[PDB]
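One file, target.cif, is given below (mmCIF, C-alpha atoms).
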data_final
loop_
_atom_site.label_atom_id
_atom_site.label_comp_id
_atom_site.auth_asym_id
_atom_site.auth_seq_id
_atom_site.Cartn_x
_atom_site.Cartn_y
_atom_site.Cartn_z
CA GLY A 1 -57.23 3.43 69.45
CA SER A 2 -58.35 0.43 67.41
CA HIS A 3 -54.72 -0.63 67.03
CA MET A 4 -54.22 -0.72 70.79
CA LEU A 5 -57.62 -2.30 71.37
CA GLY A 6 -56.75 -5.11 68.98
CA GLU A 7 -53.39 -5.57 70.69
CA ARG A 8 -55.07 -5.76 74.10
CA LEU A 9 -57.56 -8.32 72.79
CA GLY A 10 -54.97 -10.30 70.86
CA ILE A 11 -56.62 -9.65 67.51
CA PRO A 12 -55.62 -7.61 64.45
CA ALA A 13 -56.71 -3.96 64.67
CA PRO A 14 -60.48 -4.17 64.09
CA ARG A 15 -61.38 -2.01 61.10
CA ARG A 16 -65.10 -2.52 61.77
CA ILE A 17 -66.40 -2.53 65.33
CA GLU A 18 -70.08 -3.11 66.00
CA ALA A 19 -71.45 -2.46 69.47
CA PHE A 20 -74.85 -3.46 70.89
CA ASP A 21 -76.46 -1.62 73.80
CA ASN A 22 -79.49 -3.26 75.42
CA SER A 23 -80.03 -0.68 78.17
CA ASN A 24 -83.54 -0.03 76.83
CA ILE A 25 -84.97 -3.52 76.29
CA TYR A 26 -87.19 -3.24 79.39
CA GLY A 27 -88.94 0.02 78.56
CA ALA A 28 -92.41 0.49 77.08
CA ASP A 29 -90.69 0.34 73.69
CA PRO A 30 -88.03 -2.41 74.06
CA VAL A 31 -85.06 -1.56 71.85
CA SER A 32 -81.49 -2.71 71.17
CA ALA A 33 -79.14 -0.04 69.80
CA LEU A 34 -76.34 -0.80 67.35
CA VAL A 35 -73.47 1.57 66.62
CA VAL A 36 -70.72 0.99 64.08
CA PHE A 37 -67.16 2.36 64.11
CA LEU A 38 -65.00 2.09 61.00
CA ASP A 39 -61.25 2.63 61.28
CA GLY A 40 -61.87 3.90 64.80
CA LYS A 41 -64.40 6.50 63.62
CA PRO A 42 -68.23 6.65 63.85
CA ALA A 43 -70.09 5.31 60.80
CA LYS A 44 -73.36 7.05 61.68
CA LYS A 45 -75.24 6.02 58.54
CA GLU A 46 -74.93 2.41 59.72
CA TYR A 47 -76.38 2.88 63.22
CA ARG A 48 -79.56 0.88 63.74
CA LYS A 49 -82.40 0.71 66.24
CA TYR A 50 -83.60 -2.87 66.63
CA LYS A 51 -87.03 -3.03 68.26
CA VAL A 52 -87.34 -6.30 70.16
CA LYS A 53 -90.25 -8.30 71.56
CA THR A 54 -91.27 -7.77 75.18
CA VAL A 55 -88.58 -9.57 77.17
CA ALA A 56 -89.97 -12.97 78.18
CA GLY A 57 -89.70 -12.77 81.94
CA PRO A 58 -86.06 -12.47 83.08
CA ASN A 59 -84.67 -14.01 79.88
CA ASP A 60 -82.80 -11.14 78.27
CA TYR A 61 -80.26 -13.70 77.07
CA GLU A 62 -82.59 -14.82 74.26
CA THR A 63 -83.32 -11.17 73.51
CA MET A 64 -79.63 -10.55 72.76
CA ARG A 65 -79.31 -13.85 70.88
CA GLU A 66 -82.26 -12.84 68.73
CA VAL A 67 -80.80 -9.42 67.94
CA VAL A 68 -77.45 -10.92 66.91
CA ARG A 69 -79.21 -13.57 64.80
CA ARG A 70 -81.40 -10.89 63.25
CA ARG A 71 -78.60 -8.60 62.13
CA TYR A 72 -76.00 -11.11 61.00
CA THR A 73 -78.19 -13.62 59.20
CA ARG A 74 -79.19 -10.61 57.05
CA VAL A 75 -75.60 -9.37 56.71
CA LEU A 76 -74.48 -12.85 55.65
CA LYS A 77 -77.36 -13.30 53.19
CA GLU A 78 -76.66 -9.98 51.47
CA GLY A 79 -72.89 -10.39 51.49
CA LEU A 80 -72.37 -7.20 53.49
CA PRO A 81 -69.15 -6.40 55.43
CA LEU A 82 -68.77 -8.47 58.60
CA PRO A 83 -67.45 -6.96 61.83
CA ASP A 84 -63.85 -7.48 63.00
CA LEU A 85 -65.04 -7.04 66.58
CA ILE A 86 -68.45 -7.22 68.25
CA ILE A 87 -69.01 -5.55 71.62
CA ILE A 88 -72.10 -6.25 73.70
CA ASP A 89 -73.30 -4.90 77.03
CA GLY A 90 -73.88 -7.62 79.58
CA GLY A 91 -71.87 -10.08 81.62
CA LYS A 92 -70.33 -13.49 81.11
CA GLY A 93 -73.76 -15.05 80.68
CA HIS A 94 -74.59 -12.72 77.80
CA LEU A 95 -71.22 -13.32 76.15
CA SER A 96 -71.74 -17.08 76.38
CA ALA A 97 -75.19 -16.74 74.79
CA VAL A 98 -73.94 -14.56 71.94
CA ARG A 99 -70.80 -16.60 71.30
CA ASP A 100 -72.96 -19.74 70.92
CA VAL A 101 -74.99 -18.04 68.17
CA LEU A 102 -71.92 -16.65 66.40
CA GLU A 103 -70.00 -19.92 66.42
CA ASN A 104 -72.77 -22.50 66.03
CA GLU A 105 -75.51 -20.79 64.03
CA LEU A 106 -73.67 -18.18 61.96
CA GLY A 107 -70.39 -20.05 61.60
CA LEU A 108 -68.43 -16.90 62.45
CA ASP A 109 -65.10 -16.64 64.26
CA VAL A 110 -65.47 -12.94 65.05
CA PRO A 111 -63.80 -11.56 68.20
CA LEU A 112 -66.42 -10.82 70.87
CA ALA A 113 -66.06 -8.60 73.94
CA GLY A 114 -68.30 -7.48 76.77
CA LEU A 115 -68.99 -3.82 77.63
CA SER A 116 -66.89 0.52 82.64
CA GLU A 117 -65.33 -2.96 82.63
CA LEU A 118 -64.08 -4.89 79.59
CA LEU A 119 -64.60 -8.66 79.43
CA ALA A 120 -62.64 -10.61 76.83
CA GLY A 121 -61.61 -14.14 75.92
CA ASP A 122 -63.48 -17.43 76.15
CA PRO A 123 -64.18 -18.04 78.99
CA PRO A 124 -64.18 -14.27 79.53
CA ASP A 125 -62.45 -12.32 82.28
CA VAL A 126 -61.66 -8.66 82.94
CA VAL A 127 -59.01 -6.91 80.85
CA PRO A 128 -57.26 -4.44 83.22
CA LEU A 129 -57.31 -1.30 81.07
CA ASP A 130 -55.96 2.05 82.19
CA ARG A 131 -58.64 4.76 82.25
CA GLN A 132 -56.42 7.09 80.22
CA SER A 133 -55.24 4.63 77.60
CA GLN A 134 -56.09 4.99 73.92
CA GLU A 135 -58.06 1.72 73.88
CA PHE A 136 -60.15 2.85 76.84
CA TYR A 137 -60.82 6.21 75.15
CA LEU A 138 -62.03 4.44 72.02
CA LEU A 139 -64.42 2.29 74.05
CA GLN A 140 -65.66 5.43 75.77
CA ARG A 141 -66.21 7.22 72.45
CA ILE A 142 -68.30 4.25 71.32
CA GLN A 143 -70.41 4.48 74.50
CA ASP A 144 -70.82 8.23 74.02
CA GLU A 145 -72.15 7.70 70.49
CA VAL A 146 -74.65 5.13 71.74
CA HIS A 147 -75.89 7.87 74.08
CA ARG A 148 -76.13 10.60 71.42
CA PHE A 149 -77.95 8.08 69.20
CA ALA A 150 -80.55 7.74 72.00
CA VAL A 151 -82.82 10.33 70.38
CA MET A 152 -82.95 7.98 67.39
#
Can you dump the structure from the file as structure tokens?
Amino acid sequence: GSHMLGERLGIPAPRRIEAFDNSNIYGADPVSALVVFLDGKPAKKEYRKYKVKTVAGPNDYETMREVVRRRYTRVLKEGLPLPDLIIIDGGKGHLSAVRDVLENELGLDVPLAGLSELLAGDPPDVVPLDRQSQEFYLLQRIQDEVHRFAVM
């Protein structure tokens, strides 16, 4: 499905996809979940739970910026494999906030997409995917893994 997903996004098939889920940043234990898919398959040993600071008021934009900064500054320092595609959960505002960090702080030109509705491009807009397409199934498998990872 990565081949079709890349084609839909106008990027080469992403061999490494990293997805961030911030559904739990408001709970008693604020956390951002990261799942990694390599060659379209789960890379479970690379999943990470990023505990974040209590969201400052309604500003969850800085919370996501901080999580992206946190992971990738480390990845860049250690020379670890960079993603070919980053997926985040949140709207246009969250994509704008993350893209700014990626381009201006990390100097990365990594494809970025939002979250079911898929937002892509800069400025972003909805990509009309079919619910039974291979690319949609891949995105759904990624979301399912985020859910199973919940216990962790």
**Study point:** For residue 143 (chain A), the nearest of the candidates A:14, A:42, A:111, A:27, counting all atoms listed in the file
**Key:**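 Ranked by minimum distance to residue 143 (chain A), first place goes to A:42.
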Check your understanding: For the atom pair CA of residue 147 (chain A) and CA of residue 45 (chain A), what is the interatomic distance in Å to one decimal place?
Key ->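 CA of residue 147 (chain A) sits 15.7 Å away from CA of residue 45 (chain A).
Using all atoms listed in the file, the nearest neighbour of residue 39 (chain A) within the list A:129, A:19, A:13, A:101 is A:13.
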Check your understanding: Using all atoms listed in the file, which of A:146, A:68, A:52, A:97 sits nearest residue 123 (chain A)?
Key ->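 For residue 123 (chain A), the nearest of the candidates is A:97.
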Check your understanding: Quick one: which residues end up in the PyMOL selection byres ((chain A and resi 35) around 8) for this structure, as a PyMOL selection string?
Key -> chain A and resi 18-20+33-34+36-37+42-44+46-48+142+145-146
Exercise for review: Could you please determine the separation between CA of residue 30 (chain A) and CA of residue 63 (chain A) in Å, to one decimal place?
Suggested key: 10.0 Å
**Study point:** residue 3 (chain A) environment, 8 Å, only C-alpha atoms, sequence neighbours closer than 2 positions dropped, as a list in words
**Key:**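 Residues near the query, excluding close chain neighbours: residues 1, 5, 6, 7, 12, 13, 14 and 135 of chain A.
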Practice item. Select, from A:110, A:26, A:21, A:130, the residue with the minimum atom-to-atom distance to residue 56 (chain A), counting all atoms listed in the file. Key: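 Checking each of A:110, A:26, A:21, A:130 against residue 56 (chain A), counting all atoms listed in the file, the winner is A:26.
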Exercise for review: Just say which residues the PyMOL selection byres ((chain A and resi 31) around 6) picks in this file, as a PyMOL selection string.
Suggested key: chain A and resi 24-25+30+32+50-52
Practice item. Could you jot down the CA of residue 99 (chain A) to CA of residue 59 (chain A) separation for me, Å, one decimal place? Key: 16.5 Å
Check your understanding: What's the 9 Å shell around residue 92 (chain A), counting all atoms listed in the file, without same-chain residues fewer than 6 positions away, as number ranges by chain?
Key -> A: 114, 119, 123-125
Exercise for review: Find the spatial neighbours of region 73-80 of chain A, counting only C-alpha atoms, within a cut-off of 12 Å - ignore same-chain residues fewer than 4 positions away - and output them as a ChimeraX atom specification.
Suggested key: /A:16,46,65-69,101-102,105-108
